[PDB]
């Protein structure tokens, strides 16, 4: 009668008798053991189960094609609101079947921290794609984290606890690799430098004019107009009035309409909270709201340029060697020249920094003149961050997972 089973035992009795929602958890913690692991089961969860998206979707769509043999499971917050191509079955987070899947699977494929109350036995391979080349410093490399209810010492403790269980961690480049090694308490031995499976499309399908054409019309865009994508990161600073009416984006849509409304159409990819607060009346067929569009890689494929500021997306869009524009209107805030960035923002990035929208809007007319002026910085930016990606990432992982559960079949 072991002291660890006894604690998990009493915990569960309390959950069962008190009608706690976690009884599902407490049960799972008890019965869990190596023997439940069917080597041909794979669970996928993307961004903590909000979506069917990103790199697990592609590590998935690849395996569905070349390895339909296996049991595929997807984990979701709300499974009845998620469309999944293929054989895979879906599970609601924190339910019976959720802990089942996770107990039984021989491979965890995920792109974000998966919870700690889930048991990753010495027996299951947990593959971590993570979600992008870092620009803001993260995990260990942070300095202070006043995130409510926890302390910097403790939030790093738990994060280290998670990374410790990552059997594999994907990396898009030598710069991310060097960062993860420190930021994530990672051994170089465990890192795969293969590029992002979500980015696979950015190499393989970028000139597939039919695919480009579906996406365009799925979005209902003018057939004659080029496409700008604007994806500003979030700012607590700018949240006012409970979120009922915001000051028209500091980019000035009215102007953008005036100046580009004839050649261009602009895609707004905002944080989900600015999205259902942004009224786009009389911008119809000019500014298209694109914030909830499931797959971002597709939005890049049909974009002639990206306007962002401080985001890990510029590193993705980089693969297409198109012109970027960094509209850092609030840059004066951010530390006056911050080491809070792994890279030199001021110097090496593929486009101009604008602090005001009007200089930007004029330059945004003649894109071809922008591609010239910057072919220099753009190429150099491609060399450094985007050179690893060859569109074989989904293949590499799916094959790994295959190479893995063939040995295990003995």
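Numbering follows the first chain given and starts at 1.
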Original post:
Which has higher Cα B-factors on average according to the PDB entry: 264-272 or 235-243?
Top reply: 235-243
Original post:
Do the C-alpha atoms of 110-118 or of 216-224 have the higher average B factor in the entry?
Top reply: 216-224
Subject >> Deposited CA B-factor, highest of 141, 304, 289, 210 >> reply: 210
Subject >> Identity of residue with top Cα B-factor, from 156, 92, 339, 322 >> reply: 339
Original post:
Against its chain's modelled residues, does residue 12's Cα B factor rank lowest, middle or highest third?
Top reply: lowest
Subject >> residue 60 CA temperature factor, ranked by third within the chain >> reply: middle
Subject >> For residue 134, the third of its chain into which the C-alpha B factor falls >> reply: lowest
Original post:
Split the chain's modelled residues into thirds by Cα B-factor; is residue 311 in the lowest, middle or highest one?
Top reply: lowest
Original post:
According to the PDB entry, is the CA B factor of residue 36 in the bottom, middle or top third of its chain, that is, lowest, middle or highest?
Top reply: highest
